[PDB]
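Chains as they are written, first to last, in the authors' numbering: chain B, 301, 2 to 227; chain L, 2 to 47; chain D, 4 to 49; chain G, 1 to 84; chain C, 3 to 261; chain A, 1 to 514; chain M, 1 to 43; chain F, 1 to 98; chain J, 1 to 58. Ideal Cβ placement from N, Cα and C applies to all residues, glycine included. Structure record follows, encoded as structure tokens.
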Ligand SMILES: CCCCCCCCCCCCCCCCCC(=O)OC[C@H](COP(=O)([O-])OCC(O)COP(=O)([O-])OC[C@@H](COC(=O)CCCCCCCCCCCCCCCCC)OC(=O)CCCCCCCCCCCCCCCCC)OC(=O)CCCCCCCCCCCCCCCCC
Ligand SMILES: CCCCCCCCCCCCCCCCCC(=O)OCC(COC(=O)CCCCCCCCCCCCCCCCC)OC(=O)CCCCCCCCCCCCCCCCC
Ligand code: HEA
Ligand code: HEA
Ligand SMILES: CCCCC/C=C\C/C=C/C/C=C\C/C=C\CCCC(=O)O[C@H](COC(=O)CCCCCCCCCCCCCCCCC)COP(=O)(O)OCCN
Ligand SMILES: CCCCC/C=C\C/C=C\C/C=C\C/C=C\CCCC(=O)O[C@H](COC(=O)CCCCCCCCCCCCCCCCC)COP(=O)(O)OCCN
Ligand SMILES: CCCCCC/C=C\CCCCCCCCCC(=O)O[C@H](COC(=O)CCCCCCCCCCCCCCC)COP(=O)(O)OC[C@@H](O)CO
Ligand SMILES: CCCCCC/C=C\CCCCCCCCCC(=O)O[C@H](COC(=O)CCCCCCCCCCCCCCC)COP(=O)(O)OC[C@@H](O)CO
Ligand SMILES: CCCCCCCCCCO[C@@H]1O[C@H](CO)[C@@H](O[C@H]2O[C@H](CO)[C@@H](O)[C@H](O)[C@H]2O)[C@H](O)[C@H]1O
Ligand SMILES: CCCCCCCCCCO[C@@H]1O[C@H](CO)[C@@H](O[C@H]2O[C@H](CO)[C@@H](O)[C@H](O)[C@H]2O)[C@H](O)[C@H]1O
Ligand SMILES: C[C@H](CCC(=O)O)[C@H]1CC[C@H]2[C@@H]3[C@H](O)C[C@@H]4C[C@H](O)CC[C@]4(C)[C@H]3C[C@H](O)[C@]12C
Ligand SMILES: C[C@H](CCC(=O)O)[C@H]1CC[C@H]2[C@@H]3[C@H](O)C[C@@H]4C[C@H](O)CC[C@]4(C)[C@H]3C[C@H](O)[C@]12C
Ligand code: CUA
Ligand SMILES: [Cu+2]
Ligand SMILES: [Mg+2]
Ligand code: NA
Ligand SMILES: [Zn+2]
């Protein structure tokens, strides 16, 4: 979860999210450099009584300010696409969980072995227990084993939704008639929150996602108890 | 032919600045007000 | 000296750093002493 | 075949008329006969209430709301089946 | 007095009547679809026809009767018509895109195949082939009409143009009959959707193009066109060829490859 | 006389004026909508008590700003006023069709307002994605009214595009090549080509949405074998070109403004600028699926759209650096117009750079549908487009009206606006990075501070807008008539005086072929 | 840009009036709606 | 396909279209369709600029392929010079119509 | 049929100051008035329909 006055990304929970953090640092450096350069040049152009208003030859200068940006773009693109193909590469999951979007809640299905499914609704603000998070807690969390590669399948039974968990670097649209696949792996136990990320009507703001990441044995027992 | 020159190439009169103020306030003010009254309308239906 | 709207197509006076010698003189109609001054200008400026 | 003819020099209107009556309209006459023979109202297929067909998400804005615009009773079943 | 060759147009009410007819047609479609009334829509359709009639009448008055169409003005209209046809090509490409998207990746609800389960496509070698010959033939005849006009031949221009129009009418009646005879409908999933919306918009364009040709027929009867100045006719011919080419793409894509 | 002049117009200047008036009125509607957005968000909890209303407001905001403020002002307003004057043409090619392009807009706007008034409105987002925009999730007339609103606006712009391309190609002096036309004329030309090619695809898509809603088609409905993602492809195939359409005339105006107030006879690297705009136009058609990185597209496709999107930085950079090189060596006049243009250069650049961050599909997974995107586009669009419009307005108002603004008041207005927009939008980057979704009526408690500051910013911009209305009043109230304008030798639009006569260039310019 | 002096000069006082009236035309209607938001919700 | 009955432009063209057609066959250009060829541009051999009135806007493309066009009002009287390149232009009024 | 274009050319180039849309005569004025009546009357009717569609019903 986000904490108050936060400026950057949520701390990374997956090694892919850690890759993204370093890639963002790389890209942001370039962004701050270019924007501050532009602002400085502006100030430079505007702070001299010296003049030169005759026709200026442009050919030499356009080489520099085409080739340099091209190189910079390649320097962004290389690690970008490395991460892209890293995300996509072969995984071998231990478990498959499905999530279905609804107006306005998520359902989850764990059907590798038994038929375990349930709905997950936002806790209304009036029903929050002390210390619980407004708009974020659900009644039934998505319990999952930590330190394990999980295949998430995402779809919807009505309109578009999108299933997101920022700290795991995850966002996958939930589209009826389609079954979208993403892979999930938490380095740590804990509670990891997200929110519906496609406008789905009136209560778009009010159908969160809460993952509960625990040791396999606790997951196994929880599963059996949810039948 | 049509009127030409400053204050004449426009579909509103600038002949009197107070009448103009009135017209400009109705014009711009009606645009700005409209969404507030549509919100109101939608709140009152249901 | 009076610039009129009807004069828009004529060369005009401007004070600019980068256009130091404008197309027209600032004063077009000289007084009698100013005309004598322009006559005196044709002799030594010392 | 690009074609198989060849013709240039003093063409214009005369050449295009030649093509109209010598090639174009004969083709249309031939396709008109081919169609006059290979028509004849054919076997209407057995009705199966497939859910991807006979879609009704909103009533149509004409008739009883359940008939398509060029509805042919012989060959177009309703969601509930053929009319008889 | 101007010393350029361009046309300063008299102030006109037709832009405003056209725009309001757009409001009446759209709000009319809404009223028809939702508050089952046709009244606004019929007013809209009436005013739209009145607008088009008077607008294009005035263009004839400006050109044929008043002489405002200098070569410069005519060159502008040529660009205008080409650009308008380009925009229409792109409109159709949206429907082709939809057709290929649906047909190349048929979903499980269709049975995972194209044509879908339960759809019996028309035979492309029967009436669709006739339709193809008809529009191709009409491209030949319009070219004859054009060459006759440029050669100063009134009678053969009229004959060729009449033939062109007749073929257009024939295509239209053939397609109306095919629509009636088709055992699938617009409500038959994505097959019906893509088929009837794409061919239906094409059909509309055929009617529009036929109407344009009919206008040129009556203008030719009344001696409007010269052997060198007849842009209305050229525009109608470009439009007609456009209609033909769109047919060919539909025929190859929907009727042949998509069966 | 009045009716003949203002309702039956066939005059490019008067139609231009109508467009400017329309756009200004639309701008107030859009602003009001923007403020309701920020009011809802300005403290935690609910203000309106109805998130369908919130979503309707968000949707209307975007449609008003894009289709009724920016496009009418830039293309309809500045385009109609300036293009024929800049090429010495007596009017547009199709002066009567020009008038229909204008008059289609009030009905288009009425349809949109109708949509918000009937049922519970169109709470869809400006993308209008099915199935949310379908006949089950948005039953009734609202979405149909929205669709028809877009159809009218589409027709208007396509006809306008036809008119502009024709005018610019056909109506220049016989000696003037395309490489002797001003950059603003190029910017309108290229914009027009984009509209001509993009809007018909939008028209196809929304018509398919219309038939899904009312004729039982299933283009976008899985039950009939359709696909919601098809709609997104069709929408964005238009939608990306649309954003270049929105900025290109701005780039054209900025080139003129920077050139003028630098006391230069010409922009630096004219052919590079032309090249840049054409390149941006072309590339703008091959990048659209960067709006769809989270829908489930293959990795190779993502790689392609990432790479192609980034390429756009190259020509855009040539423009940015060329504006700087135009300033370089200038006798800088610190007019209010120049301030707007300098603000444009910096703020556009910041916005463009966050675009490049977003182009990277891997990062975009986390940033998509967050306030980072909202920050991105209010920098490039809100600020970029608006700053160009303001700069253009201040610069050319004396041409259009014959009266001068109070420059001190205009500088005050800029200062307030600069503070406002930056306080509004800069914090939204933090909101985005920390994961706040867009299109939310309320947020988890941790996001309170940035939302609070952002909403306070929105009120500063409101004060700027109110002041702008006063400034225009004061100008018309005081009636200081223009006498002399500098640099007319390289700014032809000014050479017929202020305002120009109803008919200009009745006798055309004389240009030798040398 | 050079211009003539104002044909109908607008004094500081007249500017205060113009500004005040402009500001009120935007603030009062919206103000009324927002103040009464609560009333509307109960209906 | 041959025979008659279609009018020619000679027979049926009217108004401005006709005036343009007739002026063209006499090799004249009163409606400014063609680009004028430059003279040497000296004081002795100025570019002659027809006008139906006492002034006309000149655009000077000082050198071939210049993108910047230099614009100014040319008044009746003594030849005037382009402010950029100095080439001479002289107004020849009447020359166009009444 | 006979070529009567010259008659029309004379009619439409007559120096009577009428705009092209009214220059054919009284019929033009009538068609104009019909078109404009239907447009404005239709537009008023659309506004009424909006008003009616903007509120819930019995
Ligand atoms: C499913 C099938 C699909 C197939 C494909 C579809 C095909 C369908 C095609 C239908 C559309 C055809 C349009 C052709 C128009 C031809 C005009 C032309 O080219 O001549 C140039 C003509 C030149 O004439 P001119 O004498 O040289 O002088 C012109 C001057 O302006 C001065 O003259 P003027 O212009 O002021 O007016 C001259 C006018 C005289 O002026 C007047 O006094 C009155 C003018 C009234 C104008 C009406 C406005 C129409 C718009 C109304 C829209 C609503 C629909 C209602 C229709 C009502 C019809 C009255 O001349 C007339 O007399 C015209 C009447 C001719 C009577 C012929 C009747 C034929 C009936 C055939 C029945 C056969 C049955 C046989 C059975 C036998 C068995 C027993 O100039 C024009 O008229 C302007 C042309 C504008 C062209 C733009 C058209 C845009 C189309 C959109 C509107 C569509 C509806 C219009 C047609 C209505 C049909 C009834
Ligand atoms: C564009 C604005 C123009 C200015 C207009 C002024 C008027 C408007 C007023 C409003 C003006 C407010 C100015 C405050 C600037 C603070 C920026 C910062 O500290 O950012 C730091 C980063 C670091 O990211 C992280 O990983 C966070 C963890 C590490 C640091 C946090 C340590 C903990 C500290 C917590 C307490 C701090 C208190 C809060 C401190 C936060 C302050 C808001 O944050 C991020 O990622 C955010 C990425 C933003 C991306 C924007 C791209 C454009 C580049 C910048 C344009 C200007 C260039 C010219 C150079 C600038 C010259 C103009
Ligand atoms: C004026 C409007 C406008 C303009 C010009 C742009 C310009 C760009 N945008 Fe923008 N964008 C929008 C308006 C605009 N955008 C809107 C409205 C949305 C949201 C749509 C919605 O969902 O509602 C959006 C969303 C959007 C997305 C989708 C994000 C998402 O939803 O997840 C992406 C993805 O790549 C993108 C990228 C870009 C890029 C690469 C540019 C480039 O064209 C920018 C290039 C410019 C620069 C880079 C700055 C100048 C260059 C230099 C100084 C040279 C040196 C620089 C480098 C070497 C990097 N933007
Ligand atoms: C040109 C486009 C444009 C402009 C100017 C704006 C202007 C503003 N917008 Fe934006 N906005 C969008 C386009 C624009 N917007 C789009 C496309 C979306 C996405 C909608 C969706 O998700 O579906 C959006 C969404 C959006 C959101 C996110 C809502 C959500 O995700 O829930 C917010 C939040 O703060 C916001 C706020 C503002 C504010 C405070 C302003 C302004 O108040 C900032 C100050 C600017 C002005 C006040 C403009 C003044 C101009 C004039 C008055 C014209 C003058 C005319 C002449 C001089 C002739 N808007
Ligand atoms: C898979 C689904 C597909 C479904 C549909 C399929 C196919 C649809 C195709 C339909 C076409 C069918 C019939 C049309 C037939 C004839 C029309 C053309 C008539 C003609 O004769 O065209 C000529 C070519 O011009 C011209 O392209 C002038 C062009 C005007 C400018 C256009 C600019 C906009 C286009 C953008 C492209 C980029 C521009 C590149 C510029 C490079 C310049 C060297 C005319 O030359 P001209 O000197 O301009 O004429 C005098 C003034 N106009
Ligand atoms: C003679 C040739 C045949 C075509 C012409 C004749 C009649 C149709 C009239 C207009 C067609 C125009 C556009 C196409 C739109 C929708 C598809 C309609 C094409 C059609 O006619 O398809 C018919 C359905 O008509 C239907 O639903 C409803 C048909 C009527 C209502 C349609 C109204 C909606 C119009 C949408 C307007 C938006 C377009 C805007 C354009 C963009 C502008 C920028 C098919 O009949 P069916 O019984 O399902 O199957 C056959 C079973 N034997
Ligand atoms: C059953 C009835 C149903 C009716 C429905 C259809 C109704 C209407 C559509 C029919 C289109 C008719 C267009 C008639 C145009 C006539 C005016 C004309 O053709 O005007 C010509 C100029 O061209 C010009 O404006 C060129 C102008 C061309 C206009 C192009 C028209 C296309 C309109 C299509 C609309 C598309 C809608 C698509 C929906 C998505 C005049 O110049 P010339 O011909 O050189 O004459 C001069 C010489 O005589 C001098 O010697
Ligand atoms: C459900 C949604 C409903 C929406 C309704 C549509 C909105 C309004 C409909 C009203 C249209 C009726 C009026 C006819 C318009 C004729 C335009 C025309 O014909 O314009 C011509 C220019 O365009 C040319 O050539 C090129 C030809 C352009 C023809 C334009 C015809 C209308 C186009 C509508 C469809 C546009 C695109 C659709 C596909 C994406 C002539 O230009 P003017 O300036 O008049 O004169 C110039 C003079 O020199 C001539 O003497
Ligand atoms: C792009 C433009 C598209 C143009 C669309 C044109 C569509 C034509 C619809 C035809 O509908 C027929 O005509 C009747 C009317 O003539 C309908 O009466 C129906 O509709 C009336 C609406 O006024 C009701 O009053 C009647 O009760 C009701 O039976 C009837 O169902 C149907 O056979
Ligand atoms: C987001 C856009 C910007 C919004 C900011 C608006 C700033 C405020 C402007 C003043 O608006 C007025 O405020 C009064 C209260 O101060 C209201 O009177 C209300 O309250 C008074 C005292 O409580 C009563 O006398 C009145 O009857 C009652 O209408 C009055 O209606 C309202 O017009
Ligand atoms: C050839 C053309 C026009 C030159 C002219 O006729 O004036 C010029 C104008 C802009 C030029 C381009 C732009 O300057 C941007 C690029 C700059 C690089 O230095 C070379 C490639 C580059 C892509 C240029 C190639 C070429 O010199 C262009 C395309
Ligand atoms: C009436 C006219 C006579 C010669 C003339 O006016 O120039 C002739 C010349 C060409 C004739 C038309 C053409 O031959 C084409 C058509 C042929 C059909 O058999 C009769 C209708 C048809 C549409 C003819 C009607 C009429 O007889 C026309 C128009
Ligand atoms: Cu579900 Cu947003
Ligand atoms: Cu984009
Ligand atoms: Mg999304
Ligand atoms: Na809120
Ligand atoms: Zn020169």
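query, result
"Can you grab the Cα-Cα spacing for the pair residue 93 of chain F / residue 4 of chain C, in whole Å?", "15 Å"
"Should the segment 274-288 of chain A be called in touch with the segment 69-80 of chain B, which here means at least 3 C-beta pairs below 8 Å?", "no"
"Would you say the segment 15-22 of chain M touches the segment 464-471 of chain A, given that touching needs at least three Cβ pairs under 8 Å?", "yes"
"According to DSSP, is residue 188 of chain C part of a helix, a strand, or is it coil?", "coil"
"In terms of residues, what are the limits of the alpha helix (DSSP H) holding residue 288 of chain A?", "No alpha helix (DSSP H) holds residue 288 of chain A; DSSP gives it neither H nor E."
"Between which two residues does the alpha helix (DSSP H) holding residue 19 of chain C run?", "16-36"
"How far does the beta strand (DSSP E) with residue 31 of chain G in it extend, from its first residue to its last?", "Not the beta strand (DSSP E): residue 31 of chain G falls in the alpha helix (DSSP H), residues 25-37."
"If you draw a straight line from the alpha carbon of residue 259 of chain A to that of residue 61 of chain A, how long is it in whole angstroms?", "34 Å"
"Under 8 Å by Cβ, that's how I've got residue 180 of chain B and residue 296 of chain A pegged, so tell me the actual separation to the nearest angstrom.", "4 Å"
"Comparing C-alpha positions only, which one of A:500, A:307, A:413 and A:370 sits nearest to residue 70 of chain B?", "A:307"
"Can you tell me the Cα-Cα spacing of residue 227 of chain A and residue 104 of chain C, whole angstroms?", "8 Å"
"Beta carbon of residue 484 of chain A, beta carbon of residue 6 of chain D: below 8 Å?", "yes"
"Please go through the same chain and pick out, in chain order, the residues whose beta-carbon is closer than 6 Å to the beta-carbon of residue 187 of chain C, but skip the five residues on each side of it.", "194"
"How should residue 479 of chain A be labelled, buried or exposed, when 16 other C-beta atoms within 10 angstroms of its C-beta is the threshold for buried?", "buried"
"Report the rounded CA-to-CA distance for residue 45 of chain B versus residue 335 of chain A, giving the unit in angstroms.", "16 Å"
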